[PDB]
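Next up: a single chain in structure tokens, the form deposited in one PDB entry.
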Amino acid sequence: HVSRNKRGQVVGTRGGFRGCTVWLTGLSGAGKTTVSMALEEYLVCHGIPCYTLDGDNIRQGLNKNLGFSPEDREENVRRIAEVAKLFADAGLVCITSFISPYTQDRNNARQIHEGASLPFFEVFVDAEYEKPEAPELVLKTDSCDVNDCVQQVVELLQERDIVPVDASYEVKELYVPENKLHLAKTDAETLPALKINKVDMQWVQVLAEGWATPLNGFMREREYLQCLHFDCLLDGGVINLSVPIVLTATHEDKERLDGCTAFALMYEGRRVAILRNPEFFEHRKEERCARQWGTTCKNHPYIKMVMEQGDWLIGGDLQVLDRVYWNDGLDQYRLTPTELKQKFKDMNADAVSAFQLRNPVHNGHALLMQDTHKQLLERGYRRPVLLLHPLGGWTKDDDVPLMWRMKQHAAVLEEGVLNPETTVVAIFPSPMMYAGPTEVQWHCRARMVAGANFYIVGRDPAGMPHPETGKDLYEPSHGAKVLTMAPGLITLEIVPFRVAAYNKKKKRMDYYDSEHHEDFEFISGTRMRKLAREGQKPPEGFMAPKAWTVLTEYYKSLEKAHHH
């Protein structure tokens, strides 16, 4: 037969052999049944195949020829224990729910398993029964609600390496350990230096914090090519990475540095990282832009930056020094993927849904977030958390600045449109590229690294008007169509939505409908700015009032940037 290890690797979606038996015991019928069913739902919800043995599938099948004689009851428990063992051997978490009153029979069931090196967890649901003398768990089901009870079981299974403690992709930070920093800064001081700009420093941050795991630094030619042609890294496994994470260089700088085994990156006169074992390769700007954006339009605001950069790229192993902070009053929201994962744990989340943003949050956005939350509750998640995740790297000139967005978002939560108790507000450090279906994959994969389990996507993600025509640069359905089928995003689920707009009839935000076109008022950023300058407000229900007020303040400051 195939080994447990091989059988393990195909059983579930999660990898590793985790066969075992969770053996409930105790008088309480409702207590065992509520715990077994809730545990089963939890396991299935977290990608772990399981199967329950109870009265409803054993009594009238395998044990249909057994009655209430002492010998028949003994045989009843024996048969159940042997079948539980076969499920555990198969790689499933087998849950059994029978009173199983006698120590002898339970101890025998245990030996059937431990004898075959299969974990056995005796769980006493405590509400001529013989109490277990050393159960792995005691559940006081009359005094603790079902969800606490199930959490006690999940914790045991985590303890015993059955349920993964954290089943997102391991984050690879590129920061030097803090006890090695002073030495690493001293080392950096002896190296040649290459001055970088602010956008470059933001990409240093993206790498440092692990958002581009498993990169070891700025992309080498091999990674750059896999990215541009396939939207994935390929070496050692397929993982989505659809945008170049590169450092540019002029011909002059390449000539100065090619040959060095290491150099420092310098931002605002400070040495912020070391690049080791560098490799210099051609940028090829037109080809990059065409493949990455689906256009080479010179007035696209990110492409404009790329076009002014040098003709070389430098790949290498990046060691970033001092933790990157910007000291602008928003560092409190700049959580790393590791910090986000600890936050979700502290909140006891059992699902994390992520929402990428570069604009003010209106109640159309909120609709997608609210309906996601409802969908997760209905699927069996008990404590879903929303990761409201505005982007905070470079953005284009007419976007609403980050500080104003963060103030607006704070007003939306203050008004209760989103619940602050089940929402984490954090800033994603990447520059924004405005590359539509190519970029949405990057936005999604970054959140995956940070432990998101569900990624919300709507219409025209990461898009903008074509600078020459004013028509949409990208077809507005493509971002969700591409993301739903994109390779290398296996630890999360994409949750796609139709566009939401203000429905004049219902006086609220709702999903757009082809028939009923005229019932819908679409309100853009341009239109918001126009309304504000004439002292008007969008329709009631489009945006939380306090959050609209923040925007009037922004628009007033823009107007100021006079007769009296």
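Counting begins at 1, following the sequence as shown. Only the largest set of C-alpha atoms that superpose within 1.5 Å between the two forms is called the rigid core.
The next section is about a form of this same protein that is not shown, the form deposited in another entry.
Once the rigid core is used as the reference frame, the Cα position of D510 differs between the shown form and the other one by less than 2 Å.
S97: CA moves 2 Å or more between the shown form and the other one after rigid-core fitting. Cα of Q370 to Cα of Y42: at least 3 Å longer in the other form than in the shown structure. Between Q158 and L335, the Cα spacing is larger in the other form than in the shown form, differing by no less than 3 Å.
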